[PDB]
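Below sits a lone chain in structure tokens, taken as the form deposited without coenzyme A.
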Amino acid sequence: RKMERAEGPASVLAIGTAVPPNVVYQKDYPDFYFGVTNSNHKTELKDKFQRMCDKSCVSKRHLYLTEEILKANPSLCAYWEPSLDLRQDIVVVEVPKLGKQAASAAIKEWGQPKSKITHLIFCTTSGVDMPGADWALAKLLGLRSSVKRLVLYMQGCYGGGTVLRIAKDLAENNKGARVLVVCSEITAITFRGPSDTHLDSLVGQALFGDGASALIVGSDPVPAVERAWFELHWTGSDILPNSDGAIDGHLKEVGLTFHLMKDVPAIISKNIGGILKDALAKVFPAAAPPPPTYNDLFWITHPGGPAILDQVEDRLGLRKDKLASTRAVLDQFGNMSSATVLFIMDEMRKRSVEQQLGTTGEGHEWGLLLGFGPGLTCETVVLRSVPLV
């Protein structure tokens, strides 16, 4: 008559990542991009893109689309021409396949048999289908036929916080539950040619890359058997003021299109302080601890772009090293939408181990994961690190 619930906080027990093999260096991208799109006569357009690549703080990105793949399918190299069936027929298979790579890495690391996975959350902004990427991934992995699945489509760059917000309740309210969390994104859904009044779509071409990340999330890790890396303690979601239409994304016959109608860095950086301050007030209330200072937290922040990071760092007065893990991931894979915060989480724990810092969170006990996306939606997750050795 009942389902027993768990007792301890939803914990990240393993993380895996995966990227397409093809690497595109940002030094090379304005040439590759304008070359493969038959558009170098667009000398004016070409050079402000050159300038945004220069200021993108992305060094390289992994992309599924090859010179040869774009060679063979002209309608993506073209611009604003019917393309949805071709991208979907790519993305509906390549997105779950990339996610299966990350998932196998997480499961191996976790060390338990794949049949102990009781739930799956699959999150993507690239492609839609029925049955969905969740079912395609379960088929690829051979999960038990009764895993409870959830596919979160058309999320955007806040989706990495969204999957943690949901996984927390699945893990905490079901005794023994082990949640596979996968975020997988592939840029074939939005890749277009350049144009001189699609300069929203231009910024996309400078920052968006491909990748997938996977977590195992569970409460009450089996002692000496399973290993927790971060604990999910508090979540919050917010629609920022005066941000209507800031970030829109439409799934159209020409594919997925991308729109910025507001100064997204100003909106986030102006309002982020009040959000964090309230969240920490809830986690550390007077009635007891004072909340740690911003510099004494670890920061897992979605790098929508350099201008967001710089203005957040400026408005909150963060010491210049706090966004280091965030910036390293953007530099080496660019903006991978919902998957990005989980690459950052993985990078942060790996350095902490490698450099023998005191905790999985760079030596700090508490931290914040932030996702931003259409809405303008901001997802806040207060995390706790776990001590090392």
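Numbering starts at 1 and runs along the sequence shown.
FYI, the form deposited with coenzyme A bound isn't displayed, but the following is about it.
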Because the test is whether 3 or more atoms of coenzyme A fall within 2.4 angstroms of backbone or C-beta atoms once its pose in the bound PDB entry is superposed, the call for this site is open
Looking in the bound PDB entry, is coenzyme A within 4.5 Å of a heavy atom from each of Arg51, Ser56 and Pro265?
-> yes
The listed residue (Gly193, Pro291, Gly236, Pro306) that reaches within 4.5 Å of coenzyme A in the bound PDB entry by any heavy atom is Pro306
Name the residue from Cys157, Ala103, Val163, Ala171 that puts a heavy atom within 4.5 Å of coenzyme A in the bound PDB entry.
-> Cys157
If contact means any heavy atom within 4.5 Å, which of 113-121, 194-202, 221-229, 172-180 contacts coenzyme A in the bound PDB entry?
-> 194-202
Using heavy atoms and a 4.5 Å limit, would one call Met261 a contact residue for coenzyme A in the bound PDB entry?
-> yes
So in the bound PDB entry, does any heavy atom of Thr326 sit within 4.5 Å of coenzyme A?
-> no
Might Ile247 be said to contact coenzyme A in the bound PDB entry, defining contact as any heavy atom within 4.5 Å?
-> yes
Would you please decide whether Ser352 lies within 4.5 angstroms of coenzyme A in the bound PDB entry, comparing each non-hydrogen atom pair?
-> no
Any residue of 61-92 with a heavy atom within 4.5 Å of coenzyme A in the bound PDB entry counts; write them all down in order.
-> none
